[PDB]
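> sequence, then the experimental structure. Questions to follow.
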Amino acid sequence: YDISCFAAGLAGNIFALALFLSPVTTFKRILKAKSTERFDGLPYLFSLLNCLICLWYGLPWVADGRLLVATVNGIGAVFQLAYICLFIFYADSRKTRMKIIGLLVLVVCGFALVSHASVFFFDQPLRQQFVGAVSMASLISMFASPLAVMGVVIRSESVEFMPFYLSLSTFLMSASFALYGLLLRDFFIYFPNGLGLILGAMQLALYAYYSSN
Amino acid sequence: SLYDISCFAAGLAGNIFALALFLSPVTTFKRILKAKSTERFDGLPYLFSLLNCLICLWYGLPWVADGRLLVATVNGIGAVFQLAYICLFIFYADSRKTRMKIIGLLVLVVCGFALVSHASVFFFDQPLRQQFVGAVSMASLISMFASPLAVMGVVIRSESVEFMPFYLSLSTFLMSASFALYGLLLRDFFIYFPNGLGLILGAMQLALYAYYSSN
Amino acid sequence: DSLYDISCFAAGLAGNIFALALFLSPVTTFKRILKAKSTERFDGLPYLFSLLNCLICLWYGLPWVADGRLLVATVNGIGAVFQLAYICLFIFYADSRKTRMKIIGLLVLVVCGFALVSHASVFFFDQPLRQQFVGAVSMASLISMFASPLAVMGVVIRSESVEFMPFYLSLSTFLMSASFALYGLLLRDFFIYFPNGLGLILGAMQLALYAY
Ligand SMILES: CCCCCCCCCO[C@@H]1O[C@H](CO)[C@@H](O)[C@H](O)[C@H]1O
């Protein structure tokens, strides 16, 4: 019973590694110029903020018996950090440079603030509930982009901006982590990951629809 | 007792008043029905509304919150009506983009709702369940208020009450008042707060209607 | 006894005095409005949002909601009064009937709504859950206000000009945020510390930006 839970966690984590390779396309495009035209820099920053707070949830002081999420969000957050660090010097125009760096300062300092406030002001079991609520809120907030790109596919009647390799992996990742939180009976892990399972399932199905015809 | 009877009277009153609100888009859907076009109309609000009605309906049901059944009844009959609407629309939709958009959002709302209901009964044992489904529900209902506030804005800017009918505004004012009374009697915050907030909005709406209708 | 109290009251008073500059900040606009007698160039909503914030926080400050929260009621009270004065001047000096009606309607919504949530807070909730509720609502408000100065920082970074964003205002705001942060810190009240800690961060970033 335990073994299956742990295996599920490892599987979900390793699956997340695949989703993390998705933004490499714009990063290929940076050598010429890094804006990117038609695209906006902040989401990567946003994603890292999320991964930070979730990593906070993962740590043993906040919630006991919840080790693996700290692992996936940790390696994920670090890899994101690499992205923003790469962006800011290669940023186009000083204005963009300063904006992204500033927002980064905001994220790091703020996360330090909520980490500190969380560990100081809150005693168990409240601490877990709070950091949990914030984590679930972040994960749910993130889902906006896949829903939007789904909208774009419907509008264009074409998968012109939606890759399958990324999508299938994310579907598997949500299913796995949903199983993780469900088996662990921790709601904060289960719910958003289940919602992600739904959004991904819709993604795969609609992809079948527009790839077919 | 007098409290049981009053509670039922308030709940039912809210139900009957609300019925007008649910039947309000029947004119637009009749016009949609004519010439079988959804080109001119959208279309999405029925999804946002169905999601809301389901989550409040879940709250009403006896497993999550007991003795608040009339809420389940209004939200249920309401959800069926909205579902009929999105179905009529979804087949009568003009262009594949609109039809498939509505289909997708429908799958999204229904599966999502299933997820939150199931999680609610699974992960949560009483009374926290009631508190959770309550907060989610209250959040939804308060979120709905965006549209009438918006049309109040349109009325003020256009100095016209074209998009604000008194019959509807008054009826919804009454349902809000009634359910506000309902929660108030039940001493249920989750019922009282959003409908009370709605009572304020309906009151302002009726007032602005008075101000701008007179001339 | 411990050095809890001595720092505790002084932090609140000092923070309040530092805070005073922010409430007087838009008076320049009203000076420019008073000569103008228009309000065309300016809208209009921010004074209402700010009044809403100030009432929710003031309610939190009251002994009805929270015991031992004395200074907060004071600063938020002075704030609410000033904001109400602003809204009255804007609404009377309003440019166009549309603006006048927009503002009057929203003022009605805010005052009526706040009274509503006050009543519900004191009615439905018994301690300590009440303080937790009014705290959560207050915190959401205060954090919500923070969007606008961040917006002016965005405008400054994007537009090379450091127009708007006063150093006096920025320093005063950093100081008030920091002080009330210490107040929440000593009280071990999360709802007080967290938004003000965030304010200390935003003030720090702004201070950094004056060093263009
Ligand atoms: C969006 C969330 C905002 C705060 C929501 C929390 C409201 C607190 C619930 O109030 C009352 O507390 C009782 C316990 O004392 C409950 O058993 C009862 O059902 C309820 O009437």
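Yep, it's here. Residues are numbered from 1 along each chain as shown, chains lettered A, B, ... in the order given.

> quick check, the residue in chain A closest to the ligand?
Here chain A gets closest to the ligand at one residue, residue A:133, 10.6 Å apart by C-beta to the nearest ligand atom. No exception for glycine: its C-beta is placed from N, CA and C like everyone else's.

> ok, that residue touching residue A:192?
No: assessed by C-beta atoms under 8 Å, residue A:133 is found out of contact with residue A:192, at 11.2 Å.

> neighbours of the closest residue to residue A:198 other than its chain neighbours, how many?
Of all residues not flanking residue A:198 in the chain, residue B:111 sits nearest, at 4.7 Å (C-beta to C-beta, 6 or more residues apart in numbering or on different chains). Residue B:111 has 16 neighbours, counted by other C-beta atoms under 10 Å in any protein chain shown.

> output the longest helix belonging to chain A.
If you go by DSSP state H, chain A has its longest helix at helix A:94-121.

> what's that one packed up against?
In this structure, helix A:94-121 makes packing contacts with helix A:42-58, helix A:68-89, helix A:126-142, helix C:147-158, helix C:190-210, judged by 3 or more C-beta pairs under 8 Å, 6 or more residues apart in numbering or on different chains; DSSP states H and E.

> if we go to 10 Å?
With contacts taken as 3 or more C-beta pairs under 10 Å, 6 or more residues apart in numbering or on different chains; DSSP states H and E, helix A:94-121 sits against helix A:42-58, helix A:68-89, helix A:126-142, helix C:147-158, helix C:167-187, helix C:190-210.

> what sits against the spatially most central residue of chain A?
Nearest to the mean C-alpha position of chain A, by C-alpha atoms, centre = their mean, lies residue A:47 at 5.5 Å. Neighbouring residues of residue A:47 by C-beta atoms under 10 Å, 6 or more residues apart in numbering or on different chains: A:20, A:23, A:76-77, A:80, A:83-84, A:138, A:142, A:145.

> just checking, residue A:12 touches residue A:179?
Yes: with contacts counted by C-beta atoms under 10 Å, residue A:12 reaches residue A:179, the gap being 8.0 Å.

> what do the two both touch?
A:189, A:193.

> find the closest residue to chain C in chain A.
In chain A, the residue that lies nearest chain C is residue A:121 (4.1 Å; C-beta to the nearest C-beta).

> check contacts around that residue.
Going by C-beta under 10 Å, 6+ apart, residue A:121 touches A:127, A:130, C:184-185, C:188-191, C:193-194.

> contact partners for residue A:201?
So residue A:201 contacts A:171, A:174-175, B:107, B:111 (C-beta under 10 Å, 6+ apart).

> now, the most widely separated pair of those residues?
A:175 and B:107 (16.9 Å; C-beta to C-beta).

> how far away is residue A:85 from chain B?
Applying C-beta to the nearest C-beta, to the nearest Å, the value for residue A:85 to chain B is 36 Å.

> these two touch, right, that residue and residue A:108?
No: under the criterion of C-beta under 10 Å, residue A:85 makes no contact with residue A:108, lying 11.7 Å away.

> and the residue of chain A nearest chain B?
The nearest approach of chain A to chain B comes at residue A:187, 4.2 Å away (C-beta to the nearest C-beta).

> got the CA positions of stretch A:171-178 in CSV?
The C-alpha trace of stretch A:171-178 is given here as CSV (Å, rounded to 0.1, in the frame of the first residue of the first chain):
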residue,chain,number,x,y,z
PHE,A,171,-2.4,14.4,-18.4
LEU,A,172,-0.4,11.5,-16.9
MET,A,173,1.2,13.8,-14.4
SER,A,174,-2.2,15.0,-13.1
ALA,A,175,-3.6,11.5,-13.0
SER,A,176,-0.6,10.3,-11.0
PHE,A,177,-0.6,13.2,-8.5
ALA,A,178,-4.3,13.0,-8.1
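
> what sits against residue A:195?
Taking C-beta under 10 Å, 6+ apart as the definition, contacts of residue A:195 comprise A:136, A:139-140, A:143, A:174, A:178, B:108, B:111-112, B:115-116, B:119.

> what do you get if the cut-off is 7 Å, keeping everything else the same?
By C-beta atoms under 7 Å, 6 or more residues apart in numbering or on different chains, residue A:195 lies in contact with A:140, A:143, B:112, B:115.

> quick one: the first one and residue A:194 touch, right?
Just to be clear, that refers to residue A:140. No: applying C-beta atoms under 7 Å as the test, residue A:140 and residue A:194 come out as separate, 10.9 Å apart.

> find residues that contact each of those two.
Contacts common to residue A:140 and residue A:194, judged by C-beta under 7 Å, 6+ apart, are absent.

> which phi and psi does residue A:161 have?
Per-residue torsions, residue A:161: phi -130, psi 30 (degrees, to the nearest 10).
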